[PDB]
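Asks: This one's a deposited entry, sequence included:
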Amino acid sequence: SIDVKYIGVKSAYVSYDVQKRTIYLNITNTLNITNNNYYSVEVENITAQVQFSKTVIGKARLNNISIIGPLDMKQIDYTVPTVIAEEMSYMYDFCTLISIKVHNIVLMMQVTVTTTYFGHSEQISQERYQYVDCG
Amino acid sequence: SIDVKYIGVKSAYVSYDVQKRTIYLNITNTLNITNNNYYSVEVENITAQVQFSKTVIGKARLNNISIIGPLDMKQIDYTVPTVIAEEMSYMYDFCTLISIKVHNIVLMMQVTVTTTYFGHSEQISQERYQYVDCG
Amino acid sequence: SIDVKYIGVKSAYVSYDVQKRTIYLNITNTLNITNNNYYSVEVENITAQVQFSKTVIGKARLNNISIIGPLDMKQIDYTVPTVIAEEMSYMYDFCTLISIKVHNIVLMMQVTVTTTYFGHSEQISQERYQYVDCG
Ligand SMILES: *[C@@H]1O[C@H](CO)[C@@H](O)[C@H](O)[C@H]1NC(C)=O
Ligand SMILES: *[C@@H]1O[C@H](CO)[C@@H](O)[C@H](O)[C@H]1NC(C)=O
Ligand SMILES: *[C@@H]1O[C@H](CO)[C@@H](O)[C@H](O)[C@H]1NC(C)=O
Ligand SMILES: *[C@@H]1O[C@H](CO)[C@@H](O)[C@H](O)[C@H]1NC(C)=O
Ligand SMILES: *[C@@H]1O[C@H](CO)[C@@H](O)[C@H](O)[C@H]1NC(C)=O
Ligand SMILES: *[C@@H]1O[C@H](CO)[C@@H](O)[C@H](O)[C@H]1NC(C)=O
Ligand SMILES: *[C@@H]1O[C@H](CO)[C@@H](O)[C@H](O)[C@H]1NC(C)=O
Ligand SMILES: *[C@@H]1O[C@H](CO)[C@@H](O)[C@H](O)[C@H]1NC(C)=O
Ligand SMILES: *[C@@H]1O[C@H](CO)[C@@H](O)[C@H](O)[C@H]1NC(C)=O
Ligand SMILES: *[C@@H]1O[C@H](CO)[C@@H](O)[C@H](O)[C@H]1NC(C)=O
Ligand SMILES: *[C@@H]1O[C@H](CO)[C@@H](O)[C@H](O)[C@H]1NC(C)=O
Ligand SMILES: *[C@@H]1O[C@H](CO)[C@@H](O)[C@H](O)[C@H]1NC(C)=O
């Protein structure tokens, strides 16, 4: 990345801003902007690139061979009982939340067992989070 | 990365800002901006790049071979009972939260068993968090 | 990275700012800005790069071989009972939170078993945290 910007409200190169209930009288504004941008990003000069994978098996006895990749979830139990017994009561639940395994952003790249790779990998995440808002 | 910016409210190269209830009279503003940017990022000059992987097995006896990658979750139990018994009571739950395994940002890169790689890996995360807001 | 900036409210190269209830009279502002930026970042000059992995097995007897990567979670138990018995009572729970394994930012890079890599790895995280706000 080159230019990553997070701005809460207002982003401006030039901002002539006047707010409310304001007197803006007898103003002479002169502005000259000579802006130039030159970009040379991700230039590659490879005369020879070689990726080689070789597997050779000869008169071999293989048994009980197990290969497991990443992210192996096994024998997982969730138990969230919710028992509510009432007896001449006044129940007032305004905003009650029961969240189980809530995912917002899941970015996965090159999650493998055997990988051979060359170059650039980029991940960018921007957000403005707000889970619960009870007024 | 080159230029990473976090700004809460206002980002400006030039900001002529006037707020409320203001008198802005008899003003002469003159502005000249000669801005130049030159960027030479991620330039690679490789005459010869070689990646080599070789596996050779000869008259070999392999048994009980186990390979497990990362992120191995096994035999995980969650138990969150919620028993509520009422007897002539006044229940007032305004904002009650029960959160189990809540994920917001999960970025995964090159999570493997065997990896051969070359270059640049970049991860950028920006956020403005707010979980619970009870007014 | 080159330029990492965190700013709470206001970021400005030039800020002519006038607040409220202000008298701004008889002002002569003259501004000249000659700004130049030159960037030469991440330049690589490799005549020959070699990565080599070789495995050779000969008349070998292998047994009970176990390889486990990172992040191995096994036999994990969570138990959070919540028993509430009422008897002519007045329950007032404004903002009660029960959080179990709450993740906000999880960035993972090159979490492997065997890794061969070359270059640049960058991780940048910016946030403005606020978990609980009970007014
Ligand atoms: C604004 O400029 C004009 C022309 O220069 C002038 O006649 C006028 O009086 C100015 N305003 C005030 C409030 O003086
Ligand atoms: C920008 O404009 C102003 C306005 O008169 C002038 O004086 C200045 O020479 C200009 N600059 C360029 C680089 O054109
Ligand atoms: C890539 O092309 C040629 C061959 O290597 C080289 O002379 C040139 O300078 C390179 N270009 C850049 C932008 O580096
Ligand atoms: C391992 O080998 C034994 C006997 O050779 C077999 O009973 C067992 O099932 C094998 N393991 C697996 C996971 O299959
Ligand atoms: C603003 O400028 C004009 C012209 O120069 C002038 O006549 C006027 O009196 C000025 N304003 C005030 C409040 O003096
Ligand atoms: C910018 O503009 C002002 C306005 O008169 C001028 O005096 C100055 O020479 C200018 N500069 C350039 C670099 O153009
Ligand atoms: C890459 O290209 C040629 C070959 O190595 C070299 O002369 C040149 O200076 C390089 N370019 C840059 C921008 O470094
Ligand atoms: C290991 O080998 C024994 C006998 O050789 C077998 O019973 C067992 O199942 C093997 N282990 C696995 C995990 O399969
Ligand atoms: C502002 O400038 C003008 C012109 O130079 C002048 O006539 C006026 O009196 C000034 N303002 C005040 C409040 O003196
Ligand atoms: C910037 O502008 C001012 C305005 O008169 C001028 O005096 C100065 O020479 C200028 N500088 C450049 C570098 O252009
Ligand atoms: C890379 O390219 C050539 C080959 O090594 C070298 O002469 C040049 O100075 C290098 N470029 C940079 C920007 O260092
Ligand atoms: C280790 O070997 C014994 C006998 O050789 C076998 O019973 C056992 O299961 C092996 N271990 C594993 C983890 O398989």
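Replies: It's in. Numbering: from 1, shown residues only, chains lettered A, B, ... in the order given. Ligands and ions are numbered 1, 2, ... in the order given.
Asks: From now on I want contacts and neighbour counts done on CA atoms only, so please keep to that.
Replies: OK.
Asks: Just give the strands next to the longest strand seen in chain A in its sheet, each with its orientation.
Replies: Longest strand in chain A, counting residues (DSSP state E): strand A:23-46. Within its sheet, and counting by DSSP bridges, strand A:23-46 is paired with strand B:23-46 (parallel).
Asks: Can you spell out which helices and strands pack onto the next helix or strand after the strand it pairs with?
Replies: Downstream of strand B:23-46, the next assigned helix or strand under DSSP states H and E is strand B:49-58. Packed against strand B:49-58 by the contact rule (3 or more CA pairs under 8 Å, 6 or more residues apart in numbering or on different chains; DSSP states H and E) you find strand A:49-58, strand C:49-58.
Asks: Count the neighbours of the closest residue to residue A:114 other than its chain neighbours for me.
Replies: Among residues not flanking residue A:114 along the chain, residue B:114 sits closest, at 4.9 Å (CA to CA, 6 or more residues apart in numbering or on different chains). The tally of other residues near residue B:114 (other CA atoms under 10 Å in any protein chain shown) stands at 18.
Asks: Pairing partners for residue B:114 in the sheet, please.
Replies: Going by DSSP bridges, residue B:114 forms beta bridges with residue A:114, residue C:114.
Asks: can you tell me which residues contact residue A:25?
Replies: B:24-26 (CA atoms under 8 Å, 6 or more residues apart in numbering or on different chains).
Asks: Try it again at 10 Å.
Replies: The contact partners of residue A:25, by CA atoms under 10 Å, 6 or more residues apart in numbering or on different chains, come to B:23-27, C:25.
Asks: For it, give its distance to residue A:5.
Replies: For residue A:25, the distance to residue A:5 equals 35 Å [CA to CA, to the nearest Å].
Asks: And for residue A:88?
Replies: For residue A:88, the distance to residue A:5 - CA to CA - is 57 Å.
Asks: of the two, who's got more company?
Replies: Comparing residue A:88 with residue A:5 by other CA under 10 Å, the one with more neighbours is residue A:5, at 16 against 11.
Asks: Work out for me the element the more buried one sits within.
Replies: strand A:3-7.
Asks: Now do the buried residues in the helix or strand following that strand.
Replies: Counting by DSSP H and E, the element after strand A:3-7 in chain order, helix or strand, is strand A:10-18. Buried residues in strand A:10-18, counting neighbours by 16 or more other CA atoms under 10 Å in any protein chain shown, are found at A:11, A:15, A:18.
Asks: Identify, from the residues you listed, the entry nearest to residue A:60.
Replies: residue A:11 (66.3 Å; CA to CA).
Asks: For the closest residue to the closest one other than its chain neighbours, name its beta-bridge partners.
Replies: Nearest-residue entry for residue A:11: residue B:11, 4.9 Å, with adjacent residues in sequence omitted and distances by CA to CA, 6+ apart. Beta bridges link residue B:11 to residue A:11, residue C:11, judged by DSSP bridges.
Asks: what does residue A:99 give?
Replies: Residues in beta-bridge contact with residue A:99 (DSSP bridges): residue B:99.
Asks: can you count the residues close to it?
Replies: 13.
Asks: does it really touch residue B:80, like I thought?
Replies: No. Taking contacts as CA atoms under 10 Å, residue A:99 lies outside contact range of residue B:80: 12.0 Å.
Asks: Mutual contacts of these two, please.
Replies: Overlap of the contact sets of residue A:99 and residue B:80 (by CA under 10 Å, 6+ apart) consists of B:98, B:100.
Asks: list the buried ones in the strand holding residue A:5?
Replies: Buried residues in strand A:3-7, counted by 16+ other CA under 10 Å: A:4-7.
Asks: same deal with stretch A:52-69?
Replies: A:60, A:69.
Asks: Can you show me the CA trace of it as CSV?
Replies: The C-alpha trace of stretch A:52-69 is given here as CSV (Å, rounded to 0.1, in the frame of the first residue of the first chain):
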residue,chain,number,x,y,z
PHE,A,52,10.2,-27.0,-9.1
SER,A,53,8.5,-29.8,-7.1
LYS,A,54,9.6,-33.4,-7.4
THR,A,55,8.4,-36.5,-5.5
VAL,A,56,10.0,-39.9,-6.1
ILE,A,57,9.0,-43.1,-4.3
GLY,A,58,11.0,-46.4,-4.9
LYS,A,59,10.1,-49.8,-3.5
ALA,A,60,8.8,-48.1,-0.4
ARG,A,61,6.3,-49.5,2.1
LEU,A,62,4.1,-46.7,3.6
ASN,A,63,1.3,-47.4,6.1
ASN,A,64,-0.7,-45.4,8.6
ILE,A,65,0.2,-42.1,6.9
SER,A,66,-2.0,-39.2,8.0
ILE,A,67,-1.6,-35.6,6.9
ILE,A,68,-4.0,-32.9,8.2
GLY,A,69,-4.1,-29.3,7.2
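Asks: ok, now which ones touch the residue nearest to residue A:41 when sequence neighbours are not counted?
Replies: Distances taken as CA to CA, 6+ apart place residue B:41 nearest to residue A:41, at 4.9 Å, with adjacent residues excluded. Neighbouring residues of residue B:41 by CA under 10 Å, 6+ apart: A:1-2, A:39-43, B:1-2, C:39-43.
Asks: Quickly list what residue B:41 is bridged to.
Replies: Applying DSSP bridges, one finds that residue B:41 bridges with residue A:41, residue C:41.
Asks: do the same with the one 5 residues further on
Replies: Taking DSSP bridges as the rule, residue B:46 bridges to residue A:46, residue C:46.
Asks: hmm, back to that, could you report the separation of the residue nearest to residue A:11 from residue B:118?
Replies: 36 Å.
Asks: Same check on residue A:103?
Replies: 31 Å.
Asks: The two: which has the busier surroundings?
Replies: A count of neighbours by other CA under 10 Å puts residue B:118 above the other of residue A:103 and residue B:118, at 19 against 13.
Asks: Now the more buried one: which helix or strand?
Replies: Short version, using DSSP H and E: residue B:118 is in strand B:114-126.
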